[PDB]
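S.K.: Protein sequence lines, in the order shown, are assigned to chains v, L, x, C, h and Y. Mapping of the first sequence onto PDB author numbering: residues 3 to 66, 155 to 167, 175 to 227, in sequence order. Start counting the second sequence at 22; every next residue gets the next number (PDB author numbering). Mapping of the third sequence onto PDB author numbering: residues 11 to 66, 78 to 180, 187 to 294, in sequence order. Start counting the fourth sequence at 53; every next residue gets the next number (PDB author numbering). Mapping of the fifth sequence onto PDB author numbering: residues 2 to 35, 41 to 120, in sequence order. Start counting the sixth sequence at 2; every next residue gets the next number (PDB author numbering).
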Amino acid sequence: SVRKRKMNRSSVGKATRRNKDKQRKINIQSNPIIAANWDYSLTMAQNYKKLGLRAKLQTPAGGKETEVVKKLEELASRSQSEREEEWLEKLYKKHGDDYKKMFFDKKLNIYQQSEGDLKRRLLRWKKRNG
Amino acid sequence: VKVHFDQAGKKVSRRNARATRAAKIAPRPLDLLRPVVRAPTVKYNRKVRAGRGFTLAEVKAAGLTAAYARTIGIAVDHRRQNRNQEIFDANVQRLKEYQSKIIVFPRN
Amino acid sequence: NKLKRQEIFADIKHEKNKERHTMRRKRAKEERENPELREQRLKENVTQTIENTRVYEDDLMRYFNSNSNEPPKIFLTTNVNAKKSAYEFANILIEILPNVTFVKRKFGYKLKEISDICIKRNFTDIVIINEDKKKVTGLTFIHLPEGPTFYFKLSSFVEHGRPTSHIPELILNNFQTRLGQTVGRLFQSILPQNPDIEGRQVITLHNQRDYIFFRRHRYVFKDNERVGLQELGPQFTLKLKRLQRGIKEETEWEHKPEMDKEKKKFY
Amino acid sequence: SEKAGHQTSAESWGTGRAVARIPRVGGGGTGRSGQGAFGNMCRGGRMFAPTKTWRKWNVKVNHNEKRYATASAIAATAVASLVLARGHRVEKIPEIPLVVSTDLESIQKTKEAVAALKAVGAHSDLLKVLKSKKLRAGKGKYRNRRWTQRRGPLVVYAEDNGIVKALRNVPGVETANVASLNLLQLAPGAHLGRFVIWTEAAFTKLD
Amino acid sequence: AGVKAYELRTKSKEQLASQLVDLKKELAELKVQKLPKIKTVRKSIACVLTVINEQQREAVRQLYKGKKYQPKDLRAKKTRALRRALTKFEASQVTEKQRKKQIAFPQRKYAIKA
Amino acid sequence: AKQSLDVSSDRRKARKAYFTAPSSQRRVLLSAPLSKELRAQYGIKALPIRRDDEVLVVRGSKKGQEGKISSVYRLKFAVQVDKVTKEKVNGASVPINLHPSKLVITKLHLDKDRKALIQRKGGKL
RNA sequence: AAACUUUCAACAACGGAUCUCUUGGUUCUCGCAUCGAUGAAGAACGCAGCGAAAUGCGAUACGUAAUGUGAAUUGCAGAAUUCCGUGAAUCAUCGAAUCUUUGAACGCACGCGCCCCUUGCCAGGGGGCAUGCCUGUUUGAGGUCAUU
RNA sequence: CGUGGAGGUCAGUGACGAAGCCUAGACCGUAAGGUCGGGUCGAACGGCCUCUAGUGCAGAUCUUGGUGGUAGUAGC
RNA sequence: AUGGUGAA
RNA sequence: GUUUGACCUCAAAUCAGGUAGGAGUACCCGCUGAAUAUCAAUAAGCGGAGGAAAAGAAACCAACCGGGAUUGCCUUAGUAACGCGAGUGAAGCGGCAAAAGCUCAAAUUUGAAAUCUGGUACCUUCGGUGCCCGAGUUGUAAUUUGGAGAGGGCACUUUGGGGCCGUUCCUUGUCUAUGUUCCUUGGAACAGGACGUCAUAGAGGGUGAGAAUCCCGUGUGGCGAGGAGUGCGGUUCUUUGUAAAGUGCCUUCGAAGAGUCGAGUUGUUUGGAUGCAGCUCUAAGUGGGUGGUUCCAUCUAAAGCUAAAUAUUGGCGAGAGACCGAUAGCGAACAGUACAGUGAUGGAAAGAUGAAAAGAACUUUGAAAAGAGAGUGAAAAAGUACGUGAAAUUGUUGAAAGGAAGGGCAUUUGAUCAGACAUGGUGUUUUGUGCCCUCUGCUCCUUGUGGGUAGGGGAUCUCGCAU
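Here it is, written out as structure tokens:
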């Protein structure tokens, strides 16, 4: 093409980019355990078999736990606001454990919380504080 | 007139793309678990084949939800109904095996 | 671009030639009125010829060469399996050498045997012509006592006057170098040493760089103190080779193809 | 190029001008005008039967026939006379087929692999290679086919430990796996009887 | 040879203008003769002008420091198509519902062996 | 054999690159091996040549001649050595063009950049 | 006979046919998306000491700004260099400037107007004033409703 | 029989001269052609089994390039 | 036939 | 009110913040479009985008024990179907490549338009905050998109943001082996032989002719410098707010794209009878669309977004060819240049000197062409008309022959070319030797009708050689 010949003749120079080799090489970037054990010399399927993992869940087309223990071991590696705490304390003082009476408190139960929610919050407060 | 000189090139590109996906998706197997399917067209009904995704009923019977199942690598298809007990049982067993074989890392 | 290069230089050469011609004409015209300036310019401009750029015992003569006290008998033969051309050249050898005896090659008498037989017969020198094709290519000369010998390559052999019976006069040129004068002495002792000037016969050897030209001419003088000459038949050029210094032992100057690169010293 | 030759405006003059009816470029002044165009016989014209890209390049071969050819090539290596007729200097091999210990596969340095090959008897073939290296004859000199040389010994291994890399640099020597056993390498030029060196582990795995 | 830019960086506007005027006068004087010094003075003039322009541009940037909608001259020259193609923040914008869904069921990392 | 997929062994491409290589690359191209005596001293095989570097002639008709270099003709890929000159018919003396690859450096010219390069290339001083 | 017509060996002219090669063309394969009012492609005029083509550049004009290399460039003259050094190359990278008149071409047109400002009635000096449409600010005019 | 290219083989040929060209030189064959003797030339080419094709010219009022009689003529 | 060129 | 305000509408400003043309065009999308069936939804023309575009998660395919986004390939298949004539020609299923689902309209946040654009001052600046201005109520946020979903109650489960270093990617510099040893030739050794060394480096190029070891380079690793990002592992500050979601159960409710579907007619496409398109009319909500023997099977159109496998003769950057070789290959290896045309357009010819110019110093004849000497140079049978120089054709020397010549059979004469460094073989007779006689040894296999190699003694000796 005309533009290609002009660029070749121009003294600006080509913006050379060499990345063919980088297409073959891909570094694992989603797990630290695999990276230490992964071997780039082998293929994806071979690497998965070496690690002890499945690279395909469906019957693959065409013909065909020393590391998983680390993954399993890797598996073994909220409170109440101050205003919420004060509101809970007020109701607890005014009604104690009388959940039914606490429900009908018009001027302390500003939000009509259910008996279950009130008792759960009070139990959480008691466990956290007493 | 198109000649598939790139056949080898296309295969190499597909392999490189799969390797890149594995590098990004190293922990996972690159595939979503698919259910067993019986085909229509009696000429092929004898053949059992993989489907798109498990039905909502199968996912419920497997002890997990579709929203949670998708995040674990289970294909969910809400369009397919269920009219065969054997296929439903096979899909449930496959899902149970998948759940018993999968390992999930903590989010912490 | 070929066209640009050809056109540019074509015009350049024309202008250069024009300038050279104009300068030469002006210089000649101005020198006509100033003759001394021409002499000064000629003195300041040397032609730098190849000749001008050259890059820098009585017992021996008697012992390794013939002398007038005894005429030298020269043994003439030919290499084995010789043919008509060799005998034709031997005819000229007889016509030019003083005392020659021709003997057919016996094909098996070693060089030592030939030398012994020649000593038995009191021969003085051995000359043998060698051929490869139907042409003479080389010539050799060996002296019997102490075995000083020389080997010469032959080229440009060409067959117009008829030489007389008189012995041609011997003249040598350009043998200043020590090696050259050895070949000059060989020629002076192999060719007749008794001039018979009457009959105006002359034989000349003329070396320029490495080749020696042998020719015969008749010379006649005129009142203008100049001598004219006419070709007396054969043309001959020779090239010295192998300078054995013995019958076949202890070569001293044998030429090598690797030489001649210097372009000078004219061995 | 398909567009080659078509990049010219020319039309036939028909008759009456007492000239060839081949179409000629119009216009004037340039000089190309009046010259033949579109003709295979014309200078700079459209070559007859241009080579198209959809010509057949690969040949389908039955898998069974391919295996038969590979088996025949492998068998041919067992005959010393057949291998000798192939041009390999196997006159000094201690045994045929040549069987070597598996430790050969573990060699990492070419200096040791070449010494082992020389000691076992392959020295003659290695000398034959690197000697017949001659410059390419014909126009191939400047098509990346500049140099050519005779094939060297073939090494067959069951597992790769470094021998494939150690032997790649020594000219003539080639390494292949028992599973592959390339026919193009076993019988280069369609000529059977290549000098092949096998490891005892590879010898067992051949069965 | 000639003036050095690293020396002219610290010169003031008035000093740079005086140097430029002197160099222009020298060039005008040399033009009458018609001589590599002409090239040196020409290069010095260009260097002084470039230094002055650089100082002026940084001053303009300083006066427009931090405030929105700076002059288009100082704006990025990347390309016409990159001023469009909504910036990173706009592209990353996500509805609250999608964020809630992602938080509730984030994509998990897992392997299938046991 | 070459294993990298980013490097091409094409004769045409290499020839084009060599002839069209810029002066910066030609500097690397015009390398000259060091003398065996100098190799032991600096522990380096070859270094780029420069003006003041002293070199020895190992090939060509001028074999055995030595002298201080005077110019590095990068455009012509040739270098000039002092006292190595031709004699024209008119008496004018023209330096003979020599290739650095056919010459051996006998005495290097030491500068700060050359000293840094020597250390960079594993040498010693 | 000489002269002259014709066949052939040698010598002396055309042309580059044969042989060798190429910073070329063509074809196959692979990575990526990269023009423009913050002024695209294209055209005209100028710039190197000497200049045909090509390339580069825009009155900062075969370049200016910045980093790497470390001692050049070269057809000729010319420069130097403190060259143990913030430093030369027509070197490489290239993110900072300049970027003549046209050209989507953009003040009005088929010559030629206005805001601005300035250093000295009047002028040098510096940037803009083209048409379609989106959001916001300013002004002006006109239909409904209110006006105890 | 011959040519462009490719796989194989001659541990082939070659600056002590490969290819091409010339040659009132010779040998071989019924021939496509091969080989050797001598001159210019300079750097690549060939003996043989296969594969491959833009593979072999006496003309197509055939294409490019080159040169003769016409003719030192018509004519200027 | 498609798209353009100049021409009263 | 013989007035003053709310808006709505319409104009203007050298207003502030913005975008649009056009270029390129191989591929993509739409319109149009030739030379009643065929070239043909081609050629040409116009408009609109990107690295891909379009399409895309069914008013689907099927009548089966059913499959479940779109896209590309094989298969289906040259079959069904049609024009039954030449001919055109599908699609489901099946296998493969790659897989991801979502967002609005629809039912009250009304116990708080909770939403958003712009101006202003800061900071940690592809943005955040305090304030103001304006849009919004003729609806801006959250909650729901049929897989249902929403208000409540019962046992429970869960949770994010910003910096730092590493990690990965892009740009880019650098380190990382061995002869120039000897001999022959050559102008030059990069040619042959001998002696050597490295090889995860014998791919390639340059160096006075074919170079691993002369250089640049290549194999593998190390050391750096400048940018991207949160694909993630540590590191550090924060959360909070009676905040937002999920699981199972009980309870009360529970919306769905109209000048749209559809029929009629007229133009158009299909091998499909479908679809596209001017216009009269114009549909229903346990409703509507697609298919068959009483209807049974499957979805919910008249809104939109979405990477992947898919095309690619343009652009940038790379790896290669059983490709062509200056009359080939792109028209152009030194050109879209010279040149022709008022114009749209057409459009060429041309590569190589020599290692290097060492490009003929200098003398000499010519107004000028270039000659003769002279020299450089491996060569001038390489002199810038330069790597090599055949025919057609032209001039000279020589031979021959003479209103023609050309070829075949056989031969004379003239000229001229080849025409064995063949110099042997046999039996006999002296002399000196060894591998020959004898004595004494060493060494390789296997084992054998052998091979190789030594130290003492002679001419029983022709076993061979030389005389």
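No residue lacks a Cβ here, since even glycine has one placed at the ideal position from N, Cα and C.
Quick one: list the residues of chain L neighbouring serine 167 (chain v), beta-carbon separation under 8 Å, in chain order.
M.R.: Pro127 and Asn129
S.K.: With a cut-off of 8 Å, do at least 3 Cβ pairs link the region 86 to 96 of chain h to the region 65 to 72 of chain h?
M.R.: no
S.K.: Would you kindly work out how many angstroms separate the C-alpha atoms of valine 181 (chain C) and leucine 258 (chain C), rounded to a whole number?
M.R.: 28 Å
S.K.: Would you say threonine 105 (chain C) faces chain L, with C-beta separation under 8 Å as the test?
M.R.: yes
S.K.: With H, G and I counted as helix, E and B as strand and the rest as coil, what does DSSP make of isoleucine 118 (chain h)?
M.R.: Assignment of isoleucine 118 (chain h) by DSSP, reduced to helix, strand and coil, places it in the strand class.
S.K.: When you compare each of h:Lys78, h:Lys83 and h:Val54 to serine 13 (chain h) by their alpha carbons, which one comes out closest?
M.R.: h:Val54
S.K.: With a threshold of 8 Å between beta carbons, is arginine 218 (chain v) in contact with chain h?
M.R.: no
S.K.: What residues of chain Y sit near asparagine 196 (chain C), judged by a beta carbon separation below 8 Å?
M.R.: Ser10, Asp11 and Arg12
S.K.: For the region 25 to 49 of chain L, enumerate the residues whose C-beta is nearer than 7 Å to any C-beta of chain h, in chain order.
M.R.: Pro48 and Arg49
S.K.: Leaving out the 5 sequence neighbours to the left and right, which residues in its chain are closer than 7 Å to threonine 63 (chain x) when beta-carbon positions are compared?
M.R.: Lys291.
S.K.: Could you check where the beta strand (DSSP E) with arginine 242 (chain x) kicks off and where it finishes?
M.R.: 238 to 248
S.K.: Could you tell me the alpha carbon to alpha carbon distance between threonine 154 (chain C) and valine 172 (chain C), rounded to whole angstroms?
M.R.: 14 Å
S.K.: List the residues that DSSP assigns as beta-bridge partners of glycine 255 (chain x).
M.R.: According to DSSP, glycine 255 (chain x) bridges with x:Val247.
S.K.: Kindly confirm or deny that the region 99 to 108 of chain x and the region 73 to 88 of chain C touch, where touching means at least three C-beta pairs closer than 8 Å.
M.R.: no
S.K.: Can you round the beta-carbon distance between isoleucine 74 (chain C) and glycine 88 (chain C) to whole angstroms, since I take them to be within the 8 Å contact cut?
M.R.: Right, the Cβ-Cβ distance comes to about 4 Å (below 8 Å), so this counts as a contact.
S.K.: Tell me the residue span of the beta strand (DSSP E) that contains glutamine 262 (chain x).
M.R.: 262 to 268 is the extent of the beta strand (DSSP E) around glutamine 262 (chain x).
S.K.: Could you tell me whether the Cβ of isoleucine 124 (chain L) comes closer than 8 Å to any Cβ of chain v?
M.R.: yes
S.K.: Could you name the residues of the region 69 to 83 of chain L whose beta carbon sits closer than 9 Å to any beta carbon of chain v, in the order they occur along the chain?
M.R.: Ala71
S.K.: Determine, for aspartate 52 (chain L), whether the minimum Cβ-Cβ distance to residues of chain v falls below 8 Å.
M.R.: yes
S.K.: According to DSSP, is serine 124 (chain C) helix, strand or coil?
M.R.: Correct three-state label for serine 124 (chain C): helix.
S.K.: Kindly indicate if chain v contains any beta-carbon less than 8 Å away from that of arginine 67 (chain L).
M.R.: no
S.K.: For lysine 108 (chain Y), report the span of its beta strand (DSSP E) as first-last.
M.R.: 104 to 108
S.K.: Taking the beta strand (DSSP E) that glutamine 20 (chain h) falls in, what are its first and last residues?
M.R.: First-last for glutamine 20 (chain h): 14 to 32, but that is the alpha helix (DSSP H), not the beta strand (DSSP E).
S.K.: Could you pull out every residue in the same chain whose Cβ sits closer than 8 Å to the Cβ of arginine 198 (chain C), ignoring the five residues on either side in sequence?
M.R.: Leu187, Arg188 and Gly192
S.K.: Is the distance from the Cβ of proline 149 (chain C) to the Cβ of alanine 130 (chain C) below 8 Å?
M.R.: Here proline 149 (chain C) is near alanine 130 (chain C), since their CB atoms are less than 8 Å apart.
S.K.: Is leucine 30 (chain Y) close to chain v? Criterion is C-beta to C-beta, closer than 8 Å.
M.R.: Not one beta carbon of chain v lies nearer than 8 Å to the beta carbon of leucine 30 (chain Y).
S.K.: Taking the C-alpha atoms as reference points, what is the distance between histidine 100 (chain Y) and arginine 11 (chain v)?
M.R.: 29 Å
S.K.: Can you check whether the C-beta of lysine 119 (chain h) is within less than 8 Å of a C-beta belonging to chain v?
M.R.: Closer than 8 Å to some Cβ of chain v, the Cβ of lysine 119 (chain h) qualifies, so yes.
S.K.: Relative to the alpha-carbon of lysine 108 (chain Y), which residue among Y:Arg52, Y:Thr86 and Y:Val90 has its alpha-carbon at the smallest distance?
M.R.: Out of Y:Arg52, Y:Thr86 and Y:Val90, the CA that lies nearest to the CA of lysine 108 (chain Y) is found in Y:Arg52.
S.K.: Have a look at the DSSP bridge pairing and note the partners of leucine 175 (chain x).
M.R.: DSSP, once it has assigned bridges, lists x:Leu265 as partnering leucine 175 (chain x).
S.K.: Report yes if the CB atom of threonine 99 (chain x) is closer than 8 Å to the CB atom of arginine 126 (chain x), and no otherwise.
M.R.: yes
S.K.: Taking Cβ-Cβ distances shorter than 7 Å, what residues in chain L pair up with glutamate 155 (chain v)?
M.R.: Those do not exist, as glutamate 155 (chain v) stays about 11 Å from chain L at its closest Cβ, beyond 7 Å.
S.K.: From which residue to which residue does the alpha helix (DSSP H) around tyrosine 50 (chain v) run?
M.R.: Note, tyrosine 50 (chain v): alpha helix (DSSP H), 46 to 53.
S.K.: Between which two residues does the alpha helix (DSSP H) holding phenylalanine 214 (chain x) run?
M.R.: 205 to 217
S.K.: Which residues in chain L have a C-beta closer than 8 Å to the C-beta of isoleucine 36 (chain v)? List them in chain order.
M.R.: Correct list: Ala47 and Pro48.
S.K.: Would you kindly work out how many angstroms separate the C-alpha atoms of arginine 138 (chain C) and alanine 101 (chain C), rounded to a whole number?
M.R.: 40 Å
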